[PDB]
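Structure, as structure tokens:
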Amino acid sequence: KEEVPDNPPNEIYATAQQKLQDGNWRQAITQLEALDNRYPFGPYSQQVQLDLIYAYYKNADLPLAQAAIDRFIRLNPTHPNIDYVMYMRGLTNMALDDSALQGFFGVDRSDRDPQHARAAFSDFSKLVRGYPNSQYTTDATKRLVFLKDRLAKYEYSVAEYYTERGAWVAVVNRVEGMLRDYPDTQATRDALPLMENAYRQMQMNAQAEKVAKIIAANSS
Amino acid sequence: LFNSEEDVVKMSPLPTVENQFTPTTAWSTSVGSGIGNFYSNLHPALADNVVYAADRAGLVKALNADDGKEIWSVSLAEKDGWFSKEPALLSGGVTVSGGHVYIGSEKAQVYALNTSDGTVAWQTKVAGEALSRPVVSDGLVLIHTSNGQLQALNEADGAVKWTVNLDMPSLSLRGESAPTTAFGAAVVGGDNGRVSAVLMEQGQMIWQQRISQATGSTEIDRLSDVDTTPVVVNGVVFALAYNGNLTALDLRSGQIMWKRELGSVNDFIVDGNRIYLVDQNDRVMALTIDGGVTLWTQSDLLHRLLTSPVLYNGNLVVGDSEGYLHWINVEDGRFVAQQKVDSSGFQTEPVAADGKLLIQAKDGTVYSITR
Amino acid sequence: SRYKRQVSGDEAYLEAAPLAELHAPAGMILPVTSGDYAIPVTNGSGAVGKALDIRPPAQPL
Amino acid sequence: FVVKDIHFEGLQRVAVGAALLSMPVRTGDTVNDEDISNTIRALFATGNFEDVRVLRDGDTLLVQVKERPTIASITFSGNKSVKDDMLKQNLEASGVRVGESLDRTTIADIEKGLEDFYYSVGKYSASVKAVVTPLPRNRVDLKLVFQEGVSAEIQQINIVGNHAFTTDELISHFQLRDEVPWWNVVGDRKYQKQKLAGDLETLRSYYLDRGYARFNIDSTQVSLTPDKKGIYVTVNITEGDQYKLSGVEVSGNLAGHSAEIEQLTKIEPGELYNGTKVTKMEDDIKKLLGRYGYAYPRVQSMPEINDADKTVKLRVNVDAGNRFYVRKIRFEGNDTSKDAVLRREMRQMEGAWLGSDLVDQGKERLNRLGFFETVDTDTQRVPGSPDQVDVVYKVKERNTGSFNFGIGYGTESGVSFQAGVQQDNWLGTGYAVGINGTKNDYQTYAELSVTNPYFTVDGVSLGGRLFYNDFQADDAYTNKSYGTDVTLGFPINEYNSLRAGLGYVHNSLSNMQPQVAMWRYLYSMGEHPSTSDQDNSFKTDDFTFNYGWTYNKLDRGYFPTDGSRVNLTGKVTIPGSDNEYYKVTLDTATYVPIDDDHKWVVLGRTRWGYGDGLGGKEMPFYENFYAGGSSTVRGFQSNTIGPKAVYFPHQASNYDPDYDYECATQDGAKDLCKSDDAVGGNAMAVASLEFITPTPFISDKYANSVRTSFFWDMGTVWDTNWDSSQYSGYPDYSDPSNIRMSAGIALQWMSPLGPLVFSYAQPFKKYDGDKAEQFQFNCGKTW
Amino acid sequence: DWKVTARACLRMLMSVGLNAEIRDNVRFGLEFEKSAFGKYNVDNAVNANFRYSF
Amino acid sequence: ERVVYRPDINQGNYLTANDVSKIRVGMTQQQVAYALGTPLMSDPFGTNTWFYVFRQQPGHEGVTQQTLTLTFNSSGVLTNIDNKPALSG
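Chains as they are written, first to last, in this note's numbering: chain W, 18 to 237; chain P, 1154 to 1524; chain S, 15 to 75; chain V, 3 to 785; chain H, 35 to 88; chain U, -10 to 78.
What follows is the structure in structure tokens.
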């Protein structure tokens, strides 16, 4: 680390704010957590938590940042600028997904444990429905339109190995659970031709004509 | 992994010597291969100028007390096999009463070898391994096994007469302190502090008693248990505990007199109401008469594992775990005398009979010592 | 350094396909939904993409 | 009295609102000294800082608490045998963790609470000294130091009360060890309270398989000597008597299934009681009901031991659920690993019923997959329906991958480079593309395996591989062979497999000595080398076709005592190769127990594989079979059993490598060197039988990791057609009746670092020309 | 973090060595392999690897 | 009969010969849920029809199916119990 020379004053946070508004997080993170470690009670104690969360997020920090957010939410769940802390908490959950490989981003990662996307859609919905007159509300809907589609493409991708294995009840259940969760998204009007290859594979020709009555009338 | 096995206590640096006696060893004789590293009391007995021995794996001899020659080198081992045999783990000091020689074992056995030729007279299995000395008391051969039992065998031929059960903690220290005779009784000790006063004839427990405090921690700081040497004299009953005060009891009632905490580990000795002890740190604390003064003590032998006192003509002879024999005085002990280095370590109780000073090493090299 | 794409911000979530509803044909019924459902528009003037300044409150006073 | 003004002076660290709400009194309340006492209790319970004083004189309540440095800046000293994070999480879950305003009346408390943990680890010293230095503005830097000694050592575990059985054979199957020598390492003298309850259970499980039905452990004591360095344990077994099994009658509530259970519970009258054949009969009934649509089968059995006779009559009852549907599968925890590779390693279809064995045998395959650390499982009942459940697995990756890089020295062979990376997890699915390299001063090896184990997904693998070998060496030939191959992995069932695939290799050899043993390969296939010059070369293009079937019924981890294993390999160059031949390789490793005790066994291994070319052209000499060494025929040197080559006056060897090549090299034997160092013929047939006896003579405590043996080796390697024209000056090499038997003794040894194989054989039958040597201590043998 | 293991045998049947992994599963092994390159010769080539477990 | 590898494939609603023979006309939609178990597939397309399908693929060269299809009227009463114990090929 480094011996930050804060005598009493905010002259130690001045150089940390200057380094934060400099495109350099790793050097300005210790400069913030030191003032946080030694003076987390005075006037310069409320802004240090938000400035530290913003420095941990831009530095691509692990759930330690989520814990720092959940600690700011637990102590004082009342703030005229509270919609930012929930947006950041949803942003970390959303950003905890895009890896797709050991060190590269080349393949369409949409079927790798979608437990964090469901751990972000909930918070984004709670934010967009609680305070609808904020400034971070326009991007929340544009992010949910993609996040819910991403879970639709995971359901459609988990409902495809069972249709080639030979178990024509699992794809039926997974499409029934998709037609009532993400109906108006993508990867759902394309799994209808995948529920018809199962209802017809179990001698139910009198029940697959209903699927081939939405396929031929509710699509192109 | 530079080097493991560090140290914490760094025991005494073996200070200087003030020899005024220069004690010598008349003779010595090895007896098989002793315990080596297993903690088990095994001291040589003595009868009509004949000193016996023992072993944890094999033979038990009857070497002479003036020359050191064998009389009967019986094996007392088990059967054989393809190319090796299995040993008979023996523990418990040798006891002599008339013409019998009782030796306990760690396989629930009690051998009764004769003095004529060493032929076993009788053998009866007991419950639990024997870790205490067989106590001869008006025929009875009461023995405190390592199970909380006080089985009292007969002298003629086996005939286990009666056993008494005692409580046992989760993790105890040792199953020592076989009982002693007291006007036709048996003042036995026992684990977990309790000290019983069972009867001689059938074993009806007259009274029990707590000996020290407990609840210091989960298991480690409440390990207090009297297992050293229940002694009775002038009606007063002393019995050394492990953590707290020793004892102050009575034959009939058993009420608590003076409760001096000083002295709590092993082998107190009464020689005229002058009780010398060691207590959790190998210092010779000559305890008081009844509470208070605690006349004097020692500080040169700290953390050097010593043994039971010997009291050779007033001088408090005692050996440490390195093989030294620093003599002590009786009024103000300041290193009166000391012997040379006897290797292999000393871990058994040195017997102090009339004359000689027999003591067994960790392999068996008993020395008669004079000055 | 396994998560460096969605840190500085990018237009990856944007330009996605819209959410078009499904209108059942006359005679049959659809498996009515519940739970995960897109909230109403609630439009405004907030920036989207890289124009929205992700920063803590001003002072914050 | 009505208070009018609340007086709070100083407000050091507690919030103003918190200080206001902590006080049950406000402006305009009438209270007494009892409520003042309750306020003192509240200030003591809030735990920030409590140096309080109360004064009530006029109209205001003067309650004030003095500040004190009572923050949590724990730092650890030089602990030796403990990790820095264990005490960290201990103090986290139990106190002084950052904040919480640690007080002065808790230092001894946390000291004892941490010492009772050192006691649990097994270090009975517990010397902890914790000081707190006060920093300005209510800060303390608490620093603790440790003074620990040597831990405890497991002393004798002598058992009292056991008859008809030696004391050492019992501890042989124990976990807590008390005698670890430099000879081998199986355990360690370390006390573990959790491990004692498993040893006390395996003792019962071992003493019950012999018919000793009555079994009750009276007491199990554990003690330690003063100046604690050793620990003694005692077990009081009571055997009672021996009994035999009489009846296995079954009764309970079954869905008309007794007709197939009476066939699984029948027993032979007179058989001795077996303590592990009942646990297996229970698991065999727990499977017949599970296969019929029952999730959790409950089976119990009570033995009815009848006294005054050797009879026990077990009574068994069963009850197994109703339907317990399992129509859900969810995987969570995997990152950068596709879901599609987790569902193919298990046998549990979604929507079907639940089997208590399928969801447990899928975890075994998920563990055997390889790129997983911990794989848990949980079966949760959904709200509503009482039978439909969801099974979820919690996995954690291991971060598979490697990058090997090595450089050699001047070791009389030259500097050698080595570089390899596979990482085994190329992209999500589970490919294993890797690149290797062994760049020595003569070798230029390189691996290019791009194997794929689940193409056409039923269990069948498919793997391509490229290679380049440049093994510049001598024979008395500098080879250079490059190609590729692609084979599949057809799985039949457990302990069975079948591989088949295509291949191609172009090989060119040069700088070879003209030995007549291999000097009919070119004279028949087009070429016609001269008997004067040596720089001649030769090269072919091969189109191979490999096949084979695998079988490994070992039924043991690494010390087989029963079973067998056979494998065959083939190669045919059908349509376009410059040389047509075929080479089989069959070998068995069967084991045979002589009695109902896994201590006296006798095994026998054979090897075959005679193969000759077809089409009027001979078989290449670089694919010949070599036999010998400590692997096939113990007692002989490395791979020198075949026919001995001989040369002719072709001494132009182009500046001989100075003793690297001998025997009619440029400065060798002019006429008929009659070479040693034989070259293996096409035919081959070896066999060896070997008895195994217990090791004499060591203590029974560690007498199960030696496994000495008496073997008897033999074999032969001849050439089907060497020659018959005027070559009657050398021993005939076409006679298969040239076996060279060699018996001896073998001494395996599981050292503290791997296994080793020691063998001192003695060849008692040999002909003219044989390199004999003994004491071959080859290691690494685990197959 | 010095965490040597001193493995021995886990064509060569040789190379007793150690595993000096410290920070990120990166070792400093020094094997003593003794392999047969021809037919009857096992001489040399002690070596040392890197073992970068990325 | 290509004997290489084919795991056992079973799909839901294990039926017997002593459970189907208890269903009669118009009892309720409740006793049917506890006599044989909760159905594995319903028809969300605006009807109360339940599908009890017992299909298994045992080993090699075998497919057996039993399509027990029953439909309940509005608010309880069953009227059109239908059993199909043979896989129509």
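The beta-carbon is built from N, C-alpha and C at its ideal position, and this holds for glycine as well.
Nonlocal neighbours in the same chain, by C-beta distance under 6 Å from residue i, ignoring five residues either side
i, result
"residue 1106 (chain P)", "In the structure as shown, chain P starts at 1154 and stops at 1524, and residue 1106 (chain P) therefore has no counterpart that could be examined."
"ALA745 (chain V)", "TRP714"
Close beta carbons around residue i, own chain, < 7 Å, minus the five adjacent residues each side
i, result
"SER753 (chain V)", "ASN186"
"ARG332 (chain V)", "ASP392, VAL394"
"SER701 (chain V)", "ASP170"
"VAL603 (chain V)", "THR563, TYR593, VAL594, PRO595, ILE596, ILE694"
C-beta contact flag for residue i and residue j at 9 Å
i, j, result
"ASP87 (chain W)", "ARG106 (chain W)", "yes"
"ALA1241 (chain P)", "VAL1519 (chain P)", "no"
"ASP537 (chain V)", "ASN513 (chain V)", "yes"
"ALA112 (chain W)", "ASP68 (chain W)", "no"
"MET527 (chain V)", "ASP580 (chain V)", "yes"
"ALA1392 (chain P)", "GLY1328 (chain P)", "no"
"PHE1336 (chain P)", "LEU1404 (chain P)", "yes"
"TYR484 (chain V)", "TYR497 (chain V)", "no"
"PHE46 (chain V)", "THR72 (chain V)", "no"
"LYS330 (chain V)", "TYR245 (chain V)", "no"
Rounded Cβ spacing between residue i and residue j (contact assumed at less than 8 Å)
i, j, result
"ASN548 (chain V)", "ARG567 (chain V)", "Going by Cβ atoms, the distance from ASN548 (chain V) to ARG567 (chain V) rounds to 20 Å, so no, they are not a contact pair."
"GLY277 (chain V)", "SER207 (chain V)", "6 Å"
"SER1193 (chain P)", "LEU1284 (chain P)", "7 Å"
"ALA629 (chain V)", "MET686 (chain V)", "6 Å"
"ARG1286 (chain P)", "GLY1246 (chain P)", "4 Å"
"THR47 (chain W)", "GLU20 (chain W)", "The Cβ separation is near 10 Å, so there is no contact."
"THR338 (chain V)", "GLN119 (chain W)", "7 Å"
"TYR296 (chain V)", "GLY323 (chain V)", "5 Å"
Neighbourhood of residue i by C-beta distance below 8 Å, restricted to the same chain and skipping five residues each side
i, result
"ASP(-3) (chain U)", "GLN45, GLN46, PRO47, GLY48"
"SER236 (chain W)", "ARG206, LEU209"
"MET1321 (chain P)", "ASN1300, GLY1301, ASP1344, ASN1345"
Residue i CB to nearest heavy atom of the ligand SAH below 8 Å
i, result
"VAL568 (chain V)", "In the structure on display, the ligand SAH does not appear, and there are no ligands present to speak of."
Three-pair Cβ contact test at 8 Å for the stretch 648 to 656 of chain V versus the stretch 581 to 594 of chain V: They do not touch, by the three-pair rule.
Validate contact between the stretch 28 to 47 of chain S and the stretch 125 to 145 of chain W using beta carbons, cut 8 Å, 3 pairs: Because the criterion of three Cβ pairs below 8 Å is not met, the stretch 28 to 47 of chain S and the stretch 125 to 145 of chain W do not touch.
The stretch 1303 to 1316 of chain P / the stretch 200 to 219 of chain V touching (three or more Cβ pairs under 8 Å): At 8 Å Cβ cutoff, the stretches do not touch.
Inter-stretch contact at 8 Å, needing at least 3 Cβ pairs: the stretch 1294 to 1313 of chain P / the stretch 1275 to 1284 of chain P: Verdict: yes, contact present.
Validate contact between the stretch 1208 to 1227 of chain P and the stretch 1183 to 1191 of chain P using beta carbons, cut 8 Å, 3 pairs: With contact defined as three or more Cβ pairs closer than 8 Å, the stretch 1208 to 1227 of chain P and the stretch 1183 to 1191 of chain P are in contact.
Inter-stretch contact at 8 Å, needing at least 3 Cβ pairs: the stretch 0 to 12 of chain U / the stretch 353 to 361 of chain V: The stretch 0 to 12 of chain U vs the stretch 353 to 361 of chain V: in contact.
Stretch-stretch touch, CB-based, cutoff 8 Å, three pairs: the stretch 370 to 382 of chain V with the stretch 53 to 60 of chain H: The answer is no - the stretch 53 to 60 of chain H does not touch the stretch 370 to 382 of chain V, with fewer than three Cβ pairs under 8 Å.
Completely contained alpha helix (DSSP H) runs for the stretch 92 to 165 of chain V, where each covers 4 or more residues: Segments of the alpha helix (DSSP H) lying fully in the stretch 92 to 165 of chain V: 109 to 123.
Any 3 or more C-beta pairs closer than 8 Å across the stretch 143 to 156 of chain V and the stretch 1154 to 1171 of chain P: Taking 8 Å as the limit for Cβ pairs, the verdict is that the stretch 1154 to 1171 of chain P does touch the stretch 143 to 156 of chain V.
Stretch-stretch touch, CB-based, cutoff 8 Å, three pairs: the stretch 440 to 449 of chain V with the stretch 8 to 16 of chain U: Segments in contact, no.
3 or more residues per run - each beta strand (DSSP E) lying fully within the stretch 201 to 250 of chain V: Scanning the stretch 201 to 250 of chain V from its first residue to its last, the whole beta strand (DSSP E) runs of 3-plus residues come out as 222 to 226, 232 to 237, 247 to 249.
Inside the stretch 1304 to 1362 of chain P only - beta strand (DSSP E) runs reaching at least 3 residues: Runs found: none.
Inter-stretch contact at 8 Å, needing at least 3 Cβ pairs: the stretch 66 to 74 of chain H / the stretch 12 to 30 of chain U: As far as the Cβ criterion goes, the stretch 66 to 74 of chain H does not touch the stretch 12 to 30 of chain U, which means the pair count is below three.
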